[PDB]
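Trainee: Here you go, one structure.
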2 protein chains.
Amino acid sequence: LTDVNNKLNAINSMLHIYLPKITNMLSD
Amino acid sequence: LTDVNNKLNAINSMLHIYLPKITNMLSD
């Protein structure tokens, strides 16, 4: 029942890791 | 009631497919 929160947190972590790297690569 | 979990899993799969491809394209 609470696995939805776990997968949402995993999505949040993955997005917060990926997005700034993409922004920095675009700046470069 | 549980369709929220299904659509969240679909979002997770779509993001996990798309993001590394974008990173590789930026590297190229």
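Residues in the structure tokens are named by chain (A, B, ... in the order shown) and by number from 1 within that chain; ligands are numbered from 1 in the order shown.
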Output the coordinates of chain B after least-squares fitting to chain A on all in-order C-alpha pairs, as a PDB file with N, CA, C and O atoms, in the first residue's frame.

Mentor:
```pdb
ATOM      1  N   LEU B   1       0.826  -1.202  -0.001  1.00  0.00           N
ATOM      2  CA  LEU B   1       0.000   0.000   0.000  1.00  0.00           C
ATOM      3  C   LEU B   1       0.865   1.257   0.000  1.00  0.00           C
ATOM      4  O   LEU B   1       0.529   2.251  -0.645  1.00  0.00           O
ATOM      5  N   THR B   2       1.979   1.208   0.725  1.00  0.00           N
ATOM      6  CA  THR B   2       2.879   2.348   0.846  1.00  0.00           C
ATOM      7  C   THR B   2       4.021   2.321  -0.162  1.00  0.00           C
ATOM      8  O   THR B   2       4.868   3.219  -0.137  1.00  0.00           O
ATOM      9  N   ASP B   3       4.068   1.318  -1.042  1.00  0.00           N
ATOM     10  CA  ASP B   3       5.112   1.261  -2.059  1.00  0.00           C
ATOM     11  C   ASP B   3       4.995   2.400  -3.064  1.00  0.00           C
ATOM     12  O   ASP B   3       5.988   2.743  -3.718  1.00  0.00           O
ATOM     13  N   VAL B   4       3.804   2.989  -3.199  1.00  0.00           N
ATOM     14  CA  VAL B   4       3.627   4.138  -4.081  1.00  0.00           C
ATOM     15  C   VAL B   4       4.496   5.300  -3.617  1.00  0.00           C
ATOM     16  O   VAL B   4       5.136   5.981  -4.427  1.00  0.00           O
ATOM     17  N   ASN B   5       4.535   5.542  -2.305  1.00  0.00           N
ATOM     18  CA  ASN B   5       5.401   6.586  -1.769  1.00  0.00           C
ATOM     19  C   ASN B   5       6.868   6.283  -2.055  1.00  0.00           C
ATOM     20  O   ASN B   5       7.640   7.185  -2.397  1.00  0.00           O
ATOM     21  N   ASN B   6       7.267   5.015  -1.922  1.00  0.00           N
ATOM     22  CA  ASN B   6       8.656   4.642  -2.175  1.00  0.00           C
ATOM     23  C   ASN B   6       9.041   4.896  -3.628  1.00  0.00           C
ATOM     24  O   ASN B   6      10.101   5.470  -3.913  1.00  0.00           O
ATOM     25  N   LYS B   7       8.189   4.479  -4.569  1.00  0.00           N
ATOM     26  CA  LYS B   7       8.519   4.691  -5.975  1.00  0.00           C
ATOM     27  C   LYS B   7       8.455   6.167  -6.352  1.00  0.00           C
ATOM     28  O   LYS B   7       9.238   6.622  -7.195  1.00  0.00           O
ATOM     29  N   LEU B   8       7.553   6.935  -5.734  1.00  0.00           N
ATOM     30  CA  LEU B   8       7.527   8.374  -5.975  1.00  0.00           C
ATOM     31  C   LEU B   8       8.804   9.035  -5.470  1.00  0.00           C
ATOM     32  O   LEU B   8       9.354   9.926  -6.128  1.00  0.00           O
ATOM     33  N   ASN B   9       9.294   8.609  -4.303  1.00  0.00           N
ATOM     34  CA  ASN B   9      10.557   9.135  -3.792  1.00  0.00           C
ATOM     35  C   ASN B   9      11.719   8.756  -4.702  1.00  0.00           C
ATOM     36  O   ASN B   9      12.637   9.558  -4.916  1.00  0.00           O
ATOM     37  N   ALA B  10      11.701   7.532  -5.238  1.00  0.00           N
ATOM     38  CA  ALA B  10      12.736   7.127  -6.184  1.00  0.00           C
ATOM     39  C   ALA B  10      12.703   7.989  -7.442  1.00  0.00           C
ATOM     40  O   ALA B  10      13.754   8.394  -7.955  1.00  0.00           O
ATOM     41  N   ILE B  11      11.502   8.280  -7.951  1.00  0.00           N
ATOM     42  CA  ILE B  11      11.371   9.165  -9.107  1.00  0.00           C
ATOM     43  C   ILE B  11      11.913  10.551  -8.783  1.00  0.00           C
ATOM     44  O   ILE B  11      12.615  11.166  -9.595  1.00  0.00           O
ATOM     45  N   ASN B  12      11.580  11.069  -7.597  1.00  0.00           N
ATOM     46  CA  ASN B  12      12.069  12.386  -7.198  1.00  0.00           C
ATOM     47  C   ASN B  12      13.591  12.414  -7.152  1.00  0.00           C
ATOM     48  O   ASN B  12      14.216  13.358  -7.652  1.00  0.00           O
ATOM     49  N   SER B  13      14.201  11.385  -6.562  1.00  0.00           N
ATOM     50  CA  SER B  13      15.658  11.328  -6.485  1.00  0.00           C
ATOM     51  C   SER B  13      16.281  11.246  -7.875  1.00  0.00           C
ATOM     52  O   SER B  13      17.250  11.953  -8.177  1.00  0.00           O
ATOM     53  N   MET B  14      15.724  10.393  -8.740  1.00  0.00           N
ATOM     54  CA  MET B  14      16.263  10.250 -10.089  1.00  0.00           C
ATOM     55  C   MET B  14      16.179  11.561 -10.860  1.00  0.00           C
ATOM     56  O   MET B  14      17.140  11.960 -11.530  1.00  0.00           O
ATOM     57  N   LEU B  15      15.039  12.249 -10.774  1.00  0.00           N
ATOM     58  CA  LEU B  15      14.875  13.512 -11.487  1.00  0.00           C
ATOM     59  C   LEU B  15      15.808  14.584 -10.935  1.00  0.00           C
ATOM     60  O   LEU B  15      16.435  15.326 -11.704  1.00  0.00           O
ATOM     61  N   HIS B  16      15.910  14.686  -9.607  1.00  0.00           N
ATOM     62  CA  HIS B  16      16.795  15.671  -9.000  1.00  0.00           C
ATOM     63  C   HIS B  16      18.259  15.395  -9.311  1.00  0.00           C
ATOM     64  O   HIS B  16      19.067  16.329  -9.302  1.00  0.00           O
ATOM     65  N   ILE B  17      18.620  14.139  -9.572  1.00  0.00           N
ATOM     66  CA  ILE B  17      19.982  13.840 -10.004  1.00  0.00           C
ATOM     67  C   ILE B  17      20.177  14.206 -11.471  1.00  0.00           C
ATOM     68  O   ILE B  17      21.180  14.825 -11.844  1.00  0.00           O
ATOM     69  N   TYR B  18      19.222  13.829 -12.326  1.00  0.00           N
ATOM     70  CA  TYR B  18      19.429  13.947 -13.768  1.00  0.00           C
ATOM     71  C   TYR B  18      19.347  15.394 -14.249  1.00  0.00           C
ATOM     72  O   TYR B  18      20.190  15.839 -15.036  1.00  0.00           O
ATOM     73  N   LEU B  19      18.338  16.143 -13.794  1.00  0.00           N
ATOM     74  CA  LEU B  19      18.037  17.435 -14.416  1.00  0.00           C
ATOM     75  C   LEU B  19      19.184  18.443 -14.346  1.00  0.00           C
ATOM     76  O   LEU B  19      19.510  19.045 -15.388  1.00  0.00           O
ATOM     77  N   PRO B  20      19.818  18.696 -13.192  1.00  0.00           N
ATOM     78  CA  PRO B  20      20.932  19.659 -13.185  1.00  0.00           C
ATOM     79  C   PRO B  20      22.093  19.245 -14.071  1.00  0.00           C
ATOM     80  O   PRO B  20      22.766  20.112 -14.640  1.00  0.00           O
ATOM     81  N   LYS B  21      22.351  17.941 -14.203  1.00  0.00           N
ATOM     82  CA  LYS B  21      23.402  17.486 -15.106  1.00  0.00           C
ATOM     83  C   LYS B  21      23.079  17.849 -16.550  1.00  0.00           C
ATOM     84  O   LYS B  21      23.959  18.284 -17.303  1.00  0.00           O
ATOM     85  N   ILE B  22      21.817  17.682 -16.953  1.00  0.00           N
ATOM     86  CA  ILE B  22      21.402  18.066 -18.301  1.00  0.00           C
ATOM     87  C   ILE B  22      21.549  19.570 -18.495  1.00  0.00           C
ATOM     88  O   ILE B  22      22.008  20.035 -19.548  1.00  0.00           O
ATOM     89  N   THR B  23      21.165  20.356 -17.484  1.00  0.00           N
ATOM     90  CA  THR B  23      21.312  21.807 -17.588  1.00  0.00           C
ATOM     91  C   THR B  23      22.778  22.205 -17.748  1.00  0.00           C
ATOM     92  O   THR B  23      23.116  23.055 -18.586  1.00  0.00           O
ATOM     93  N   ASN B  24      23.664  21.592 -16.961  1.00  0.00           N
ATOM     94  CA  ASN B  24      25.088  21.902 -17.055  1.00  0.00           C
ATOM     95  C   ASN B  24      25.659  21.481 -18.404  1.00  0.00           C
ATOM     96  O   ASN B  24      26.498  22.187 -18.976  1.00  0.00           O
ATOM     97  N   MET B  25      25.228  20.328 -18.922  1.00  0.00           N
ATOM     98  CA  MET B  25      25.696  19.893 -20.234  1.00  0.00           C
ATOM     99  C   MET B  25      25.243  20.852 -21.328  1.00  0.00           C
ATOM    100  O   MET B  25      26.010  21.160 -22.249  1.00  0.00           O
ATOM    101  N   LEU B  26      24.001  21.338 -21.246  1.00  0.00           N
ATOM    102  CA  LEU B  26      23.529  22.321 -22.216  1.00  0.00           C
ATOM    103  C   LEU B  26      24.329  23.617 -22.126  1.00  0.00           C
ATOM    104  O   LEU B  26      24.666  24.224 -23.152  1.00  0.00           O
ATOM    105  N   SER B  27      24.642  24.057 -20.904  1.00  0.00           N
ATOM    106  CA  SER B  27      25.468  25.252 -20.747  1.00  0.00           C
ATOM    107  C   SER B  27      26.852  25.049 -21.355  1.00  0.00           C
ATOM    108  O   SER B  27      27.392  25.952 -22.009  1.00  0.00           O
ATOM    109  N   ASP B  28      27.442  23.869 -21.152  1.00  0.00           N
ATOM    110  CA  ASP B  28      28.748  23.581 -21.740  1.00  0.00           C
ATOM    111  C   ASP B  28      28.679  23.556 -23.263  1.00  0.00           C
ATOM    112  O   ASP B  28      29.614  24.003 -23.941  1.00  0.00           O
TER     113      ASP B  28
END
```
